[PDB]
Amino acid sequence: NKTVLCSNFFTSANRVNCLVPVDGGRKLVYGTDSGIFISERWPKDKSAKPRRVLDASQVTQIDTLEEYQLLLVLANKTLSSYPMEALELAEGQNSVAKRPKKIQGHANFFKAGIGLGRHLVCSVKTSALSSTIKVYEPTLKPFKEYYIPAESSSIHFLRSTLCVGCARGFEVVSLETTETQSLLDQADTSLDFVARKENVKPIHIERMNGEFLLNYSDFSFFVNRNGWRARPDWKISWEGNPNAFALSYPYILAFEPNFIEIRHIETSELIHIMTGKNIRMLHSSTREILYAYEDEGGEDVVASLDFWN
């Protein structure tokens with residue numbers, strides 16, 4: 001099932017760039033080119049509009065550390081924290097809770113995950129050229145920094161290490177110690193299609209049992225750890241150029257700007273294509289996958305996909 005959550009409020013004036021659920025999924029926080037808004041996921045009153053909570057411009061990425069009651073905001077390349085009370089109804093326009101704390105001045109993307117010891121926030125500067133990675137620990141203090149001689153698409157926490165999606169592939173980087181190694185094994189000949197292509201866009205990594213599902217813009221396949229191929233006869237080549245992925249067993253969903261492609265994880269067969277315009281995956285949780293799309297004219301629409309059997 002697909003359900004439309006909000007088709008009325010966001011428009012061609014000021015589209016939804018990003019979103020994160022808070023308060024156990026009972027509220028949604030939206031980032032746009034002009035501001036940050038909050039609504040109820042299940043409002044009692046259906047004339048309720050999202051409400052503006054922070055002024056901030058060019059908000060391209062947003063997340064939380066719920067344990068530390070921090071809202072994390074990337075706005076016109078500046079990464080900052082706010083306390084979660086910034087979102088309260090009780091707070092007014094000048095209150096000290098809506099004051100940002102600068103974390104890093106210039107950043108292209110970030111990722112907050114558990115990655116030990118403590119748990120963490122990474123900010124990545126990147127160009128065609130190179131990438132600089134900074135890592136932070138709980139009020140937030142710096143911790144470790146890294147350098148990478150390639151353009152980076154993505155970043156993933158893999159227990160004690162960071163796996164960076166960069167133009168040469170997934171490269172594993174050691175939190176304490178080191179230095180760095182590719183994930184895939186050069187001797188595995190069943191992985192030559194990956195090596196054929198240079199360049200690639202590694203986008204997303206997912207654990208299943210003791211295999212990992214690796215998702216790039218061109219293809220998906222499984223490895224074992226030691227990055228040796230698993231299910232060697234199983235391979236998906238995507239119809240489009242997906243920039244995001246989500247797993248909702250037994251389905252794997254690839255989002256590209258003009259369509260969502262849905263495949264069966266066991267058989268690898270095509271189940272459904274959902275066409276549209278300017279499709280952006282917003283957030284994937286055990287609850288649902290939230291995404292946005294343009295509809296005529298000029299509505300911006302927020303929707304939910306949820307699977308059940």
Side-chain angles (χ1 to χ4, degrees), residues 5-6 9-10 14-44 48-125 133-145 155 157 162 175 282-288 290 292 302:
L5 310 184
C6 191
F9 184 81
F10 294 104
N14 176 244
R15 294 198 181 282
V16 178
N17 295 333
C18 54
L19 171 158
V20 62
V22 305
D23 250 277
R26 293 179 301 278
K27 301 175 173 49
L28 300 176
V29 177
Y30 305 90
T32 75
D33 280 349
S34 94
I36 296 169
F37 300 84
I38 183 155
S39 66
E40 303 276 319
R41 177 59 182 82
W42 287 291
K44 295 297 191 297
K49 308 194 185 185
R51 48 174 202 93
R52 167 178 288 272
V53 288
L54 290 161
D55 300 341
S57 97
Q58 311 293 303
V59 182
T60 59
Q61 198 198 323
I62 199 162
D63 211 340
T64 49
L65 271 65
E66 199 103 301
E67 175 68 62
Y68 292 85
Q69 295 291 283
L70 296 181
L71 183 73
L72 308 175
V73 175
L74 181 57
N76 202 19
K77 307 180 168 160
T78 302
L79 182 63
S80 321
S81 78
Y82 295 79
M84 215 82 83
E85 60 190 347
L87 302 165
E88 307 305 342
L89 197 45
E91 292 311 289
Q93 187 184 12
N94 293 330
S95 78
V96 65
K98 304 185 185 276
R99 206 156 293 177
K101 193 151 153 49
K102 191 171 187 197
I103 299 155
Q104 172 154 310
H106 195 277
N108 302 105
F109 61 99
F110 81 89
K111 184 81 193 310
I114 316 105
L116 298 304
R118 287 81 56 222
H119 64 65
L120 299 174
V121 181
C122 322
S123 59
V124 178
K125 175 159 64 181
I133 291 98
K134 288 211 195 139
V135 186
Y136 289 80
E137 60 193 341
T139 192
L140 281 181
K141 57 190 71 56
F143 165 56
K144 304 280 267 174
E145 186 172 321
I155 204 163
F157 288 99
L162 303 178
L175 277 159
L282 302 167
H283 193 264
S284 169
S285 70
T286 71
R287 311 179 263 289
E288 51 188 351
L290 303 173
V302 184

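Atoms considered below: every heavy atom in the structure, side chains included; atoms not considered: hydrogens, waters and symmetry mates. Just so you know, residue 1 is the first one in the sequence shown, and it goes up from there.
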What do the steps show when you test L28 against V302 for side chain to side chain contact (heavy atoms under 4.5 Å, CB included), and what is the final call?
CA-CA 11 Å; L28 300 176; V302 184; 5.5 Å; no

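- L120 CG to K144 NZ: the interatomic distance, rounded to the nearest 0.5 Å, is 12.0 Å.
- Residues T32 and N14 bring a donor and an acceptor atom of their side chains to less than 3.5 Å of each other.
- Residues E85 and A97 share a closest heavy-atom pair of CG-CB, 3.8 Å.
- Here the CG-CD1 distance, from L140 to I103, works out to 5.0 Å after rounding to the nearest 0.5 Å.
- Atoms CZ and OG, on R99 and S80 in that order, are 13.5 Å from each other to the nearest 0.5 Å.
- Aromatic ring pairs are classed by plane angle as parallel below 30°, tilted from 30° to 60° and perpendicular above 60°; the pair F10 and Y30 is tilted.
- Between the side chain of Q61 and the backbone N or O of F110, at least one donor-acceptor pair lies under 3.5 Å.
- The structure places CD1 of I38 at 14.0 Å from CZ of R52, a figure rounded to the nearest 0.5 Å.
- Nearest heavy atom pair, residue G31 against residue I36, reads CA-CG1, 4.4 Å.
- Residues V53 and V29 are not in side-chain contact: their nearest non-hydrogen atoms beyond the backbone lie 4.5 Å or more apart.
- Side-chain contact between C122 and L162 is present, with heavy atoms from C-beta onward closer than 4.5 Å.
- Taking 4.5 Å as the limit, every side-chain heavy atom of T78 sits out of range of all side-chain heavy atoms of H106.
- Here the side chains of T139 and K101 are in contact, with some heavy-atom distance below 4.5 Å.
- Side-chain contact between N108 and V124 is absent, with no heavy atoms from C-beta onward closer than 4.5 Å.
- When each of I155, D63, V121 is checked for a side chain to side chain contact (heavy atoms under 4.5 Å, CB included) with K111, only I155 meets the rule.
- More than 12 heavy atoms of other shown residues, nucleotides or ligands fall within 6.0 angstrom of atom CD in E145.
- Between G24 and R287, the shortest heavy-atom contact is O-NH1, 4.2 Å.
- Residues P21 and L19 share a closest heavy-atom pair of CD-CD2, 4.0 Å.
- Of the possible donor and acceptor atoms, one in the side chain of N17 sits under 3.5 Å from a partner among the backbone N and O of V59.
- When side chains are defined from C-beta on, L116 does not count as touching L175, because their heavy atoms never get closer than 4.5 Å.
- Here the OH atom belonging to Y82 is positioned 15.0 Å from the OG1 atom belonging to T64, to the nearest 0.5 angstrom.
- Smallest separation of non-hydrogen atoms from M84 and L65: CE-O, 4.5 Å.
- Closest approach of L72 to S81, counting heavy atoms only: CD2-CB, 4.4 Å.
- To the nearest 0.5 angstrom, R51 atom CZ is 11.5 Å from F9 atom CZ.
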Show your reasoning for whether side chain to side chain contact (heavy atoms under 4.5 Å, CB included) applies to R41 and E288.
CA-CA 12 Å; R41 177 59 182 82; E288 51 188 351; 3.0 Å; yes

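- A donor and an acceptor atom, one from each side chain of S123 and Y136, are nowhere located under 3.5 Å apart.
- Between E66 and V22 there is a side-chain heavy-atom pair separated by less than 4.5 Å.
- Contacts classified as salt bridge (charged side-chain N to carboxylate O under 4.0 Å, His left out) and involving residues 17-26 (residues at least two apart or in different chains) are given here: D23-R26.
- Side-chain atoms of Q104 and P142, non-hydrogen and from C-beta on, never get closer than 4.5 Å to each other.
- Around atom NZ of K141, more than 12 heavy atoms belonging to other residues, nucleotides or ligands sit under 6.0 Å away.
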